[PDB]
Amino acid sequence: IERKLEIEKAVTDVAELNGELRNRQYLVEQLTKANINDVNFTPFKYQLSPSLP
Amino acid sequence: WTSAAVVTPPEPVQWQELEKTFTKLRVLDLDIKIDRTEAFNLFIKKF
Amino acid sequence: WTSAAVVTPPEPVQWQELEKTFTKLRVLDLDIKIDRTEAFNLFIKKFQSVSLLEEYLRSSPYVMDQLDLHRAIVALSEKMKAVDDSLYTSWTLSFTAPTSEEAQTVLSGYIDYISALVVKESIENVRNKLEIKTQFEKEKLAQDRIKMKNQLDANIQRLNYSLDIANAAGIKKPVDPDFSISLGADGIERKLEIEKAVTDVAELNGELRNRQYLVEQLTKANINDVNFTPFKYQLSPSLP
Amino acid sequence: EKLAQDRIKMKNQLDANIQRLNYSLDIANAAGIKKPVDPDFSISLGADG
């Protein structure tokens, strides 16, 4: 018990023993890095493109 | 005198560069999208 | 002087080559179909397209033999018609020309020009879904691999604090919820160190190895130009 | 095609397992447990087994 008490007092970063917390940091990093680039699309389809009457 | 255009809501193949950008944020646990018919209604609305 | 076709949504037996393909992919957990009634509808949607029709006309040699051109092409384009005619669904497609062999040839050809577009689009839609599928699965494993590594890392730091507590209570041979001591300081030591020598988390994990197998087949899989018909003839274009 | 793909997924689990069994042989040894008596590398059966 006394060894265990001393190990937990020595904990500096709660994520060192925590996988969830670790992969969660990784999410926040991946999110922060990710970008939406200027993609082009046309919000419609032409049955008829503008006519020359 | 008069020019016209016949316009319909866009088809899947037109959406492919948009479907490459949504596969993640889907991986990043973000599921979003741009609904073809909703994009079209936004056109007719602004037009 | 008016040629006519009656078209119906295509029969199952016309879908067999497309079914052998979608089955290859279902195995790779890609549930992808082309609804026969959907292809029939996109067929009629394209067919009703003035823009598409003028393209066909301007590019057919048979129409061109026979710049007041734009005015002629706009006129021919007014002689193509499609009406919807109930047991099954069926549409009647028609075109009218000065001669009867002209009327049938220009209808026949515009049907094949449209049928070709729809077959190309449909084949590209499915490839598009494969490139989204293969994309997804690779980024997800790449991402799950860094999550397995991270977990193994916290599991090492935990085993590290297990050794230290096994020794502080003098359990050195075999036999707690946070730091499991059972194995005892002797095992926990050889173990603490087999876990320090792992280089890829995939070594001790059937899942991750199998996931690479998927991401492999998905990358080596091909959708090959299939040749189908988005409809079924009741009446092939007539000789009026 | 589903069999051909599962026959292969098995081989991968069998391989992943051999590596696991292989590191149990070593943890068995270093703990003294030679004869028949763990969550990640079970040594129960003891090194000779």
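- As documented in the archive entry, the model was determined using X-ray crystallography at 2.8 Å resolution.

1. Description of the overall build of chain B
Step number 1: Looking only at helices and strands, one finds two helices and one strand in chain B.
Step number 2: When the helices and strands of chain B are placed in sequence order, the string is β-α-α.

2. Looking at the sheet that holds strand 4 (residues 232–235) of chain C
Residues and elements named next belong to chain C.
Step number 1: Read across the sheet, four strands follow the order 2-3-1-4 without closing on themselves; strand pairing throughout is antiparallel. Only two strands of the sheet have a single neighbouring strand rather than two, namely strand 2 (80–84) and strand 4. On average, each strand axis in the sheet is tilted by 30° relative to the strand beside it, whichever way the strands run.
Step number 2: Judged from the three bridges that link them, strand 1 (residues 2–8) and strand 4 form a sheet pairing that is antiparallel. Opposite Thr 8, over in strand 4, you have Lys 232 as the bridge partner.
Step number 3: Sheet contacts for helix 6 (residues 100–167): strand 1, strand 2, strand 3 (91–96) and strand 4; angle to strand 1, the most-contacted strand, approximately 30°.

3. Quick notes on the interface of chain A and chain B
Step number 1: At the interface, 19 residues of chain A touch 19 residues of chain B.
Step number 2: Applying the counting criterion to the chain A and chain B interface returns one salt bridge.
Step number 3: Linking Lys 45 of chain A and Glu 11 of chain B is a salt bridge whose minimum nitrogen-to-oxygen distance equals 3.6 Å.
Step number 4: Among the secondary structure elements, those contributing two or more residues to the side of chain A that touches chain B are helix 2 (19–33) and strand 1 (45–48) of chain A.
Step number 5: Here the element with the most residues in the side of chain A that touches chain B is strand 1 of chain A; it accounts for four residues.
Step number 6: Where strand 1 of chain A and strand 1 (residues 6–8) of chain B come together, three bridges link them in antiparallel fashion. Looking at strand 1 of chain B, one finds that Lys 45 of chain A is bridged to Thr 8 of chain B.

4. Re the packing of aromatic side chains
Step number 1: Scanning the entire structure with this criterion turns up 14 aromatic pairs over all chains.
Step number 2: Ring geometry for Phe 43 of chain C and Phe 231 of chain C: centres 4.7 Å apart, planes at 65°, overall edge-to-face.
Step number 3: Ring geometry for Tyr 161 of chain C versus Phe 179 of chain C: centroids 6.4 Å apart, planes at 50°, classification tilted. The residues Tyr 161 of chain C and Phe 179 of chain C share a single accessibility class, namely buried.
Step number 4: Ring pairs connect the aromatic residues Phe 43, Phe 47, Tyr 56, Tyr 110, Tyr 113, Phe 231 and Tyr 233 of chain C, which therefore count as one cluster.
Step number 5: Geometry around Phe 179 of chain C places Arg 158 of chain C over its ring, the cationic atom sitting 5.8 Å from the centre.
Step number 6: Above the ring of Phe 41 of chain D, the side-chain terminus of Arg 20 of chain D is found at 5.9 Å from the ring centroid.

5. Overview of helix 3 (residues 50–59) of chain C
Since the α-helix turns once every 3.6 residues, residues separated by three or four places project in the same direction.
Step number 1: Residues of helix 3 of chain C that are buried: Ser 51, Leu 52, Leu 53, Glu 54, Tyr 56 and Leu 57 of chain C.
Step number 2: Lining the buried residues of helix 3 of chain C we find strand 1 of chain A together with helix 2 (36–47), helix 4 (61–65), helix 5 (69–76), strand 2 and helix 6 of chain C.

6. Remarks on the interface of chain D and chain C
Step number 1: In this assembly, 21 residues from chain D lie in contact with 18 residues from chain C.
Step number 2: Partitioned by chemical class, the residues of the side of chain D that touches chain C number nine nonpolar, four polar and eight charged.

What counts and what doesn't
- Residues numbered from 1 in each chain as written, not as in the entry; some residues may be left out.
- Chains lettered and ligands numbered in written order.
- Part of a larger assembly, values for the part shown.
- Heavy atoms only, no water.
- Residues with missing side-chain atoms left out of burial classes, pairs and counts.
- Helix = DSSP H or I, 4+ residues; strand = E, 2+ residues; numbered from the N terminus.
- Pairing = 2+ DSSP bridges.
- Axes fitted to C-alpha atoms, helices over the stretch in contact; angles between N-to-C directions.
- Contact = heavy atoms within 4.5 Å.
- Salt bridge = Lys/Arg side-chain N within 4 Å of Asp/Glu carboxyl O.
- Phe/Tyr/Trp six-rings, centres within 6.5 Å; stacked < 30°, edge-to-face > 60°.
- Buried < 20%, exposed > 50% of the residue type's maximum accessible area, 1.4 Å probe, protein only.
- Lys NZ or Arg CZ within 6 Å of the ring centre and 35° of its normal.
- Nonpolar A, V, L, I, M, F, W, Y, C, P; charged D, E, K, R; others polar.

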